[PDB]
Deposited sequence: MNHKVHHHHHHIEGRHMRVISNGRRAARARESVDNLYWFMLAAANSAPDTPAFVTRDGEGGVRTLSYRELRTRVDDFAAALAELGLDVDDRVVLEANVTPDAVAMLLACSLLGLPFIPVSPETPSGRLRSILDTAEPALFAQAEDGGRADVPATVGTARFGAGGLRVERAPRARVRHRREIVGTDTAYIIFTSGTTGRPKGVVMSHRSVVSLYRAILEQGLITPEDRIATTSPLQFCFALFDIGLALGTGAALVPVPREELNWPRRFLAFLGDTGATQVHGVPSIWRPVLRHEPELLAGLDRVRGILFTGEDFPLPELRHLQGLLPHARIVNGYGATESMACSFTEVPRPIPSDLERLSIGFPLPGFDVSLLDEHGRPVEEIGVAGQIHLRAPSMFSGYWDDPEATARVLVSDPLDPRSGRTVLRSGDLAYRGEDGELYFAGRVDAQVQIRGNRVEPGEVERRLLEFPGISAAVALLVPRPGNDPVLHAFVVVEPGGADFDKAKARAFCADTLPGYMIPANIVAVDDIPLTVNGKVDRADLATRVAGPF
């Protein structure tokens, strides 16, 4: 009786498990056991796990469009769960075990999911009684609180159905199966990944980069090598994990490299199997990049540029070598099927080489909108200023860029105060608003201070540890320091 996506309909299940039919006994996952032994899970075994979890989820009587919060690390079980949800047209919302309780309750209060699922050994408690709770693992899917009874109204799952919603106020980027599959078919055309690659992925599951990596590995028929935080956060463990698993590609925000470059460059140079690196989210400092390139001469390095609302836009391979005089890396050219307009403040195309305009993107991987926020959606997904009468829309990105002499793009900052911390969007005004509401604080300023830059709060007023907790806002948005000051200097 549960609706299931048909094989011809754009859907993460069919797209990411195609290799289960065409190459069943190739690896989909490489993990290392408690004894430092490397294990592989095939496409065949992963599909089997997805189908078992789907049979169990379908018993809960959820309707297509019903939301499922998945709290987990990037694990085979977690990816089976999100693909099981995909098959049944249950949009999933990824959250990490390390997500603050305050932040998880804000997502539950905003999304109103029918179900929260965590791993057998997850420690999340006190999920409100209006949300179903289940645990998944070796034992299958076990219900604690079944979701409330309902009538199923949706007969058939379609490509425009929501695959996932990525989350001061939690902003839900609503992404269709059609959009996500379109992004991957564009990338597949570039031959950037082969089924022979083993892609090390570093971002926790709640970040859009984790979903990108998952879909990139599985949709290509490649092996995903999730790097747990217990390896990632310790350069010598990180590097031994990449060696043991035989990672051929390593994906992560530039920050993942900074501790390794500073403290274990010799061991880094030993990663003879790494054939490529991909970074996105923020600028990679050029000295650090030149250092990395010098240590791993046999690695292609790709600069990916994109926002959550299209997932991706453009890339370049970094020039080999990086010229000494080079002031700024190119973000290269849009993927095939994507198109960028650079518009001035009047919506007019910027035609002159080297003059910045606001990126307006035409993409087959566009988000459907912001969860329950049609006003935010109308501000960002706008009438095509070059074709307003067709009804067609573009992503107004807030990013500035200019073109070079070959038409390649160059990121030129933003139209607003937005900064990146480890590739995470941050509106300093938001951290400021929050500290201004801490009892004692009359004025506040948050800025990136320069190793990687740190978020510093300067406040006019006091327990800096207590003001920290009151912030602890998402994780990456919590000041590395809160310094009381007599006046904010202009």
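Residues of the deposited sequence missing from the coordinate set occupy positions 1-24, 192-196, 480-482, 494-499, 511-512, 531-549.
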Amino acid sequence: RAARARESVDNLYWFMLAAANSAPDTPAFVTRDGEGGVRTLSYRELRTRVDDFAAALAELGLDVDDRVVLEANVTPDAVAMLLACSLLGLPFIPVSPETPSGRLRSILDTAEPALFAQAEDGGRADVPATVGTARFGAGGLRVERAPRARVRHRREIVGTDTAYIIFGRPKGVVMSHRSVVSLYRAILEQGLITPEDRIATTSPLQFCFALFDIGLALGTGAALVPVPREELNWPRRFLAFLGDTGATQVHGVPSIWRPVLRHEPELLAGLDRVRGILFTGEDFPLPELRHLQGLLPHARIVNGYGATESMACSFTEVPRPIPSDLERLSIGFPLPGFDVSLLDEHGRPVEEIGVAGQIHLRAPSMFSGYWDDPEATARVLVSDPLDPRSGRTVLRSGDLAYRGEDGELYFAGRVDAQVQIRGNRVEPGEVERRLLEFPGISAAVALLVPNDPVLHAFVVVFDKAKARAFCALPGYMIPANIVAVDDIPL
From here on, numbers count along this sequence of modelled residues.
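For the pair 52-60 and 35-43, the mean Cα B-factor is higher in 35-43. Comparing 301-309 with 410-418, the stretch with the higher mean C-alpha B-factor in the PDB entry is 410-418. Of the residues listed, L216, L326, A134, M81, the entry assigns the biggest Cα temperature factor to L326. Comparing the C-alpha B-factors of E144, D283, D77, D161 in the entry, the top value falls on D283.
In the deposited entry, the Cα temperature factor of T201 places it in the lowest third of its chain's modelled residues. When the modelled residues of the chain are ordered by C-alpha B-factor, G252 sits in the lowest third. Annotation for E156: C-alpha temperature factor in the middle third relative to the rest of the modelled chain, per the entry. Among all modelled residues in this chain, the alpha-carbon of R124 has a temperature factor (C-alpha) in the middle third. In this PDB entry, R320 carries a Cα temperature factor that places it within the highest third of its chain's modelled residues.
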